[PDB]
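A.B. asks: Pasting a structure below so you can have a look.
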Amino acid sequence: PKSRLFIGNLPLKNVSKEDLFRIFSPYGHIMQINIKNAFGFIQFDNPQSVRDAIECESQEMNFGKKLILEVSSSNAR
């Protein structure tokens, strides 16, 4: 499937597709990248795999102007 992962304040160190692929590979099933600014977006396979990625690698709760994440899904086809 397709799915959507959002990150703030973590992807500020240098990153390319393999870096996020290997750090998230055991947490979730992954698809494609889109990173810019003090933030980064990654499309994934499966939305449970999205929430296990940012809630176990980043943090299981957000904090204003300090650590931001989001889980997001979409309709198939």
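Within each chain, counting starts at residue 1; across the structure tokens, chains are named A, B, ... in the order shown, with ligands numbered 1 upward in that order.
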Applying 12 Å and only C-alpha atoms, which residues near residue 31 (chain A) remain after dropping the ones on its own chain fewer than 6 positions away? List them as a PDB file with C-alpha atoms, in the first residue's frame.
C.D. replies:
ATOM      1  CA  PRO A   1       0.000   0.000   0.000  1.00  0.00           C
ATOM      2  CA  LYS A   2       0.887   3.737   0.194  1.00  0.00           C
ATOM      3  CA  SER A   3       1.181   5.653   3.497  1.00  0.00           C
ATOM      4  CA  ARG A   4       2.701   8.973   4.803  1.00  0.00           C
ATOM      5  CA  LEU A   5       5.226   9.732   7.599  1.00  0.00           C
ATOM      6  CA  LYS A  17      17.199   7.413   0.805  1.00  0.00           C
ATOM      7  CA  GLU A  18      19.448   4.621   2.193  1.00  0.00           C
ATOM      8  CA  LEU A  20      16.223   6.581   6.365  1.00  0.00           C
ATOM      9  CA  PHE A  21      15.715   3.153   4.678  1.00  0.00           C
ATOM     10  CA  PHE A  24      13.432   2.498   9.588  1.00  0.00           C
ATOM     11  CA  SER A  25      13.722  -0.986   7.840  1.00  0.00           C
ATOM     12  CA  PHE A  41       8.423  13.540   4.620  1.00  0.00           C
ATOM     13  CA  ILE A  42       8.619   9.820   3.744  1.00  0.00           C
ATOM     14  CA  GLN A  43       5.937   7.738   2.048  1.00  0.00           C
ATOM     15  CA  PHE A  44       5.636   4.206   3.447  1.00  0.00           C
ATOM     16  CA  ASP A  45       3.997   0.837   2.978  1.00  0.00           C
ATOM     17  CA  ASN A  46       1.382   0.109   5.756  1.00  0.00           C
ATOM     18  CA  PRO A  47       0.284   2.870   8.301  1.00  0.00           C
ATOM     19  CA  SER A  49       4.541   0.512  10.031  1.00  0.00           C
ATOM     20  CA  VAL A  50       4.483   4.388   9.836  1.00  0.00           C
TER      21      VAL A  50
END
A.B. asks: Using only C-alpha atoms, which protein or nucleic acid residues come within 12 Å of residue 66 (chain A)? Drop anything in the same chain fewer than 6 positions from it, and give the result as a list in words.
C.D. replies: residues 7, 8, 9, 10, 38, 39, 58 and 59 of chain A
A.B. asks: Quick one: DSSP helix (DSSP H, G or I) residues in region 15-59 of chain A, as a ChimeraX atom specification?
C.D. replies: /A:17-24,47-58
A.B. asks: Could you pull out the strand (DSSP E or B) residues of chain A from DSSP and send them as a PyMOL selection string?
C.D. replies: chain A and resi 3-8+32-36+39-44+63+67+69-73
A.B. asks: Based on the selection just made, write C-alpha atoms of those residues as a PDB file, in the first residue's frame.
C.D. replies:
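Saved the output as again10.pdb:
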ATOM      1  CA  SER A   3       1.181   5.653   3.497  1.00  0.00           C
ATOM      2  CA  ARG A   4       2.701   8.973   4.803  1.00  0.00           C
ATOM      3  CA  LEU A   5       5.226   9.732   7.599  1.00  0.00           C
ATOM      4  CA  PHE A   6       6.086  13.306   8.783  1.00  0.00           C
ATOM      5  CA  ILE A   7       9.194  14.345  10.837  1.00  0.00           C
ATOM      6  CA  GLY A   8      10.470  17.646  12.341  1.00  0.00           C
ATOM      7  CA  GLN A  32       9.665   6.723  -1.281  1.00  0.00           C
ATOM      8  CA  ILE A  33      11.265   9.985   0.059  1.00  0.00           C
ATOM      9  CA  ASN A  34      10.571  13.756   0.045  1.00  0.00           C
ATOM     10  CA  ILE A  35      12.835  15.817   2.438  1.00  0.00           C
ATOM     11  CA  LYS A  36      13.256  19.654   2.737  1.00  0.00           C
ATOM     12  CA  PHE A  39      11.557  18.717   8.437  1.00  0.00           C
ATOM     13  CA  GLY A  40      11.194  15.603   6.237  1.00  0.00           C
ATOM     14  CA  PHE A  41       8.423  13.540   4.620  1.00  0.00           C
ATOM     15  CA  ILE A  42       8.619   9.820   3.744  1.00  0.00           C
ATOM     16  CA  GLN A  43       5.937   7.738   2.048  1.00  0.00           C
ATOM     17  CA  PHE A  44       5.636   4.206   3.447  1.00  0.00           C
ATOM     18  CA  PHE A  63       6.276  18.448  21.710  1.00  0.00           C
ATOM     19  CA  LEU A  67       9.977  17.391  18.341  1.00  0.00           C
ATOM     20  CA  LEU A  69       5.886  13.875  13.963  1.00  0.00           C
ATOM     21  CA  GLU A  70       2.706  12.647  12.212  1.00  0.00           C
ATOM     22  CA  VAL A  71       1.168   9.340  11.023  1.00  0.00           C
ATOM     23  CA  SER A  72      -0.995   9.605   7.855  1.00  0.00           C
ATOM     24  CA  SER A  73      -2.860   7.195   5.524  1.00  0.00           C
TER      25      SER A  73
END
A.B. asks: Which of these residues is nearest to residue 51 (chain A), using only C-alpha atoms: A:22, A:30, A:77, A:13?
C.D. replies: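 The closest residue to residue 51 (chain A) is A:30.
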A.B. asks: For residue 54 (chain A), which of A:27, A:75, A:14, A:19 is the closest residue, counting only C-alpha atoms?
C.D. replies: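 Checking each candidate against residue 54 (chain A), we get A:27 as the closest.
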A.B. asks: Please, what distance in Å, to one decimal, runs between CA of residue 61 (chain A) and CA of residue 11 (chain A)?
C.D. replies: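 Atom-to-atom, CA of residue 61 (chain A) and CA of residue 11 (chain A) are spaced 17.1 Å apart.
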A.B. asks: Could you please determine the separation between CA of residue 28 (chain A) and CA of residue 53 (chain A) in Å, to one decimal place?
C.D. replies: 5.8 Å
A.B. asks: Could you check which of A:62, A:48, A:74, A:37 is closest to residue 12 (chain A), using only C-alpha atoms?
C.D. replies: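 Smallest separation from residue 12 (chain A) among the options: A:37.
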